[PDB]
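S.K.: Quick one: structure below, then a few questions.
We did not get these values from a lab; they are worked out from the coordinates using the rules stated. All Cβ positions, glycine included, derive from the backbone under ideal geometry; neighbour counts span all protein chains shown.
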Amino acid sequence: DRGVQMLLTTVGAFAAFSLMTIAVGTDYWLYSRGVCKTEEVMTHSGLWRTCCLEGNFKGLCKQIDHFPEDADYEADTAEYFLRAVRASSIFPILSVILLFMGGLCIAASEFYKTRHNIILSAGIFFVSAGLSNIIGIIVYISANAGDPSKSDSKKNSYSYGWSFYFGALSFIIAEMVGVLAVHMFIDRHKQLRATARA
Amino acid sequence: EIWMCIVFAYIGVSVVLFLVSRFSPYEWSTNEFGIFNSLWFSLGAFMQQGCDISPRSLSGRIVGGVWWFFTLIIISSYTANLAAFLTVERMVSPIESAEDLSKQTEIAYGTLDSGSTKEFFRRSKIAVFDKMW
Amino acid sequence: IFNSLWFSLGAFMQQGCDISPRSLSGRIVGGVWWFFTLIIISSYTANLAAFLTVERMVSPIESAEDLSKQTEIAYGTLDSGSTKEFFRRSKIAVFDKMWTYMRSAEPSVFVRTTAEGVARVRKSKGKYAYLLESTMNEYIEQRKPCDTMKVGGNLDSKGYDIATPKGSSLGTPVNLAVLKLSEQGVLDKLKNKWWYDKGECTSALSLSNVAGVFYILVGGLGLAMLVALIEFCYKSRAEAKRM
Amino acid sequence: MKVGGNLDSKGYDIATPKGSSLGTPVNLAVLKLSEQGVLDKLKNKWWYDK
Amino acid sequence: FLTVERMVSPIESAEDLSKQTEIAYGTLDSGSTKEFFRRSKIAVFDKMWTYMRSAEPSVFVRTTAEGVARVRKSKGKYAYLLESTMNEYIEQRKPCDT
């Protein structure tokens, strides 16, 4: 049914957008021992700052420095490019923006019933948001492999938090909603052709 | 992380293939790439088990080609790393420092009930020994 | 022309083909391409396995005997001091062969003093090792830029003592004081304060090893989507003008 | 197996009576043995060689 | 399997025998062969002598006939050190298992 499909698509789009927004903002991305305001202690690393956990200075959210220029080293250009991409968090933010645009397209689709191309644009935005979320996850993990505290699971035993899994769940919902949006675009054009046949 | 990203890439590839195969009304269906069929195609491509259908459009073929390259690289890497693991034996010690014993709790540790070692830990000003003691 | 490229790509990736050549020449082309693909893919897998295995068997030097047998990395002591005298007079089968290596070696592994000998290790990008006191080794390990490290255990045993003139009233009380500090742990705390408290410093394949294939996959997905929308827009504009 | 470094520093010494004629020559004997590596050889013989 | 088989290297010199310990080696219980190791200071030779002197069970053999017999009965886990001229002669004798 058109109504239940639209309701499910709207609910899923809102859920994915909220999950992505929470994941970007929240700092429970990774559990790893680190030093606040660079004493080492267990911390929950996020996307911009990491706060001390069960430590002497517990609650100190030290900002994550993405350019360790202590040794004044540059190495290759690719490492600097990856560090810059991680630091700006361009891809999770782009995923959030694309999810918002898809949601606004879905909302505006009700106002403009005769314009079926809006629903297709919403589906494209949702799929692109999922792709950007995938890129962001890949870049995040790759840059995390640079530092020993976020790597070496054998000894460090780092753990991913619920905020990271919120973004993982956000990608799945956005892809699921993108399937529904394309299905509704297909149904709308099929109905238009069926009406013209009569 | 590799397995998680493999699952995510599989889902994304399936969705993108379904979208590029059936979104255009001017292609209406000539192909059989529904969402279920797209998921089946991607799963078969990843396991290198062939396919009952193949994409015919340029976009669907680009999606299939990049997924095939990804699958080839990933399967070869899995086989190579399994061979490396089965060839070389790497036995490591879970504990190699005093501070590591203090940090963990699964492995117990103790000293003489009466001796110099007891007084060393009972009276100590280093951070590690107190956490140990 | 378009379907031939698709067949060749599918054959190279060893994936399911929708069509197969039926003529003799087409089948010859397919067969030689299949043989080439089989050889190339097997070669890639075998070379990757060799890379990973050889990297897995690599073991860094930890002890002196490990350093003694291998010759790729040079090592040497000071031009003077007790380091050479220890090796020259050593009768241990491990240490003596190290002394013979340094005596006959070009360029001279011996350094004028510790200052640039440590810098020699720094500028040798891991190809040269320096032998010196453990206490000073730990100090440099804890100083900027934190690029040198101490491996293994001590080759011999020495000690630093409080020096007092022979026949002095401060001999016995100082000796008792030194033991009292060691028993209480003051000496250990002082060593920690001036070395570490004031210091300035797996097997499975990781995502970093295969990040490029993920980037290529997502870029291909984006390019395919862009092509699909371009085709759809062109078809819509063509149909709109016709109607 | 033994893992990690030593926690502290301790030594074994040759006990002698207070104010005895053997106190001094024994001290030089131990120090002289250490320089020539006899003590290292003696430890190696009874620990690793045997 | 294939890589490990390719990495397998049989012992080929005195040094290779000294480094490993799975394959035991012995000498005559009394003779010039035993005296050679005792009054030896070269790093390869004396390193074995520490093993030979302190070994359980004793690797020394009373008679040369028993030593060669033990080599054959040990299916390759035991090695015999003896004069080259007699070693070559036995190698050409039946059943040609040494």
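S.K.: In the range C:210-225, how many are within 7 Å of chain B (Cβ to nearest Cβ) and either among the hydrophobic types (A, V, I, L, M, F, W, C) or closer than 15 Å to B:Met4 by Cα (or both)?
M.R.: Qualifying residue count for the region: 9.
S.K.: I've got another one for you. Given (1) within 9 Å of chain C (Cβ to nearest Cβ); (2) farther than 26 Å from A:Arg188 by Cα; (3) in a helix (DSSP H, G or I), where does B:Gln49 come up short, assuming only one miss?
M.R.: In the conditions (1) within 9 Å of chain C (Cβ to nearest Cβ); (2) farther than 26 Å from A:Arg188 by Cα; (3) in a helix (DSSP H, G or I), B:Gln49 misses (3) alone.
S.K.: Sort out which residues of the range D:40-50 are among the basic types (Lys, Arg) and exposed (fewer than 11 other Cβ atoms within 10 Å of the Cβ), and write them in order of number.
M.R.: D:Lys50
S.K.: Looking at the range E:1-28, I want the residues that are more than 21 Å from C:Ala93 (Cβ to Cβ) and have a partner that is surrounded by 10 or more Cβ atoms within 10 Å (Cβ to Cβ) and of a type in the set (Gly, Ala, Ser) with Cβ atoms under 6 Å, at least 6 apart or on another chain. Which pairs are those?
M.R.: E:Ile23/E:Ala79
S.K.: Take the conditions under 18 Å from the mean Cα position of the chain (by Cα), among the polar types (S, T, N, Q), part of a helix (DSSP H, G or I) and farther than 21 Å from C:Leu217 by Cβ and apply them to A:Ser163. Does it pass?
M.R.: So A:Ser163 passes the test.
S.K.: In the range B:17-43, which residue that is buried (at least 24 other Cβ atoms within 10 Å of the Cβ), of a type in the set (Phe, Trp, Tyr) and not in a loop (DSSP other than H, G, I, E, B) is farthest from the chain's Cα centre (by Cα)?
M.R.: B:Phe18
S.K.: Restricting the search to the range C:223-243, which residues are of a type in the set (A, V, I, L, M) and surrounded by 11 or more Cβ atoms within 10 Å (Cβ to Cβ)?
M.R.: C:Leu223, C:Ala224, C:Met225, C:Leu226, C:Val227, C:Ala228, C:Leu229, C:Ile230, C:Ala238
S.K.: Separate question: Condition first: hydrophobic (A, V, I, L, M, F, W, C), in a loop (DSSP other than H, G, I, E, B) and more than 14 Å from chain B (Cβ to nearest Cβ). Can you find one or more residues in the range C:98-106 that meet it?
M.R.: Yes; the residues of the range C:98-106 include at least one that is hydrophobic (A, V, I, L, M, F, W, C), in a loop (DSSP other than H, G, I, E, B) and more than 14 Å from chain B (Cβ to nearest Cβ).
S.K.: Give me the pairs, please: first residue somewhere in the range C:44-71 and within 12 Å of another protein chain (Cβ to nearest Cβ), second residue anywhere and charged (D, E, K, R), beta-carbon distance under 9 Å, and either six or more positions apart or on two chains.
M.R.: If the second residue must be charged (D, E, K, R), the pairs left are C:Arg56/B:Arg90; C:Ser59/C:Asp66; C:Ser68/C:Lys97; C:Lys69/C:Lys97.
S.K.: Can you go through A:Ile135, A:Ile119 and tell me which one is crowded, with 23+ Cβ neighbours inside 10 Å, more than 9 Å from chain B (Cβ to nearest Cβ) and part of a helix (DSSP H, G or I)?
M.R.: Going through A:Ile135, A:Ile119 in turn, just one is crowded, with 23+ Cβ neighbours inside 10 Å, more than 9 Å from chain B (Cβ to nearest Cβ) and part of a helix (DSSP H, G or I): A:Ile119.
S.K.: Among the residues of the range C:8-39, count how many are surrounded by 11 or more Cβ atoms within 10 Å (Cβ to Cβ) and part of a helix (DSSP H, G or I).
M.R.: 16
S.K.: Being outside any loop (DSSP other than H, G, I, E, B), closer than 15 Å to E:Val59 by Cα and of a type in the set (A, V, I, L, M) is the filter here, so list the residues in the range E:71-97 that pass it.
M.R.: Once the filter is applied, which keeps residues that are outside any loop (DSSP other than H, G, I, E, B), closer than 15 Å to E:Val59 by Cα and of a type in the set (A, V, I, L, M), the range E:71-97 yields E:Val71, E:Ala79.
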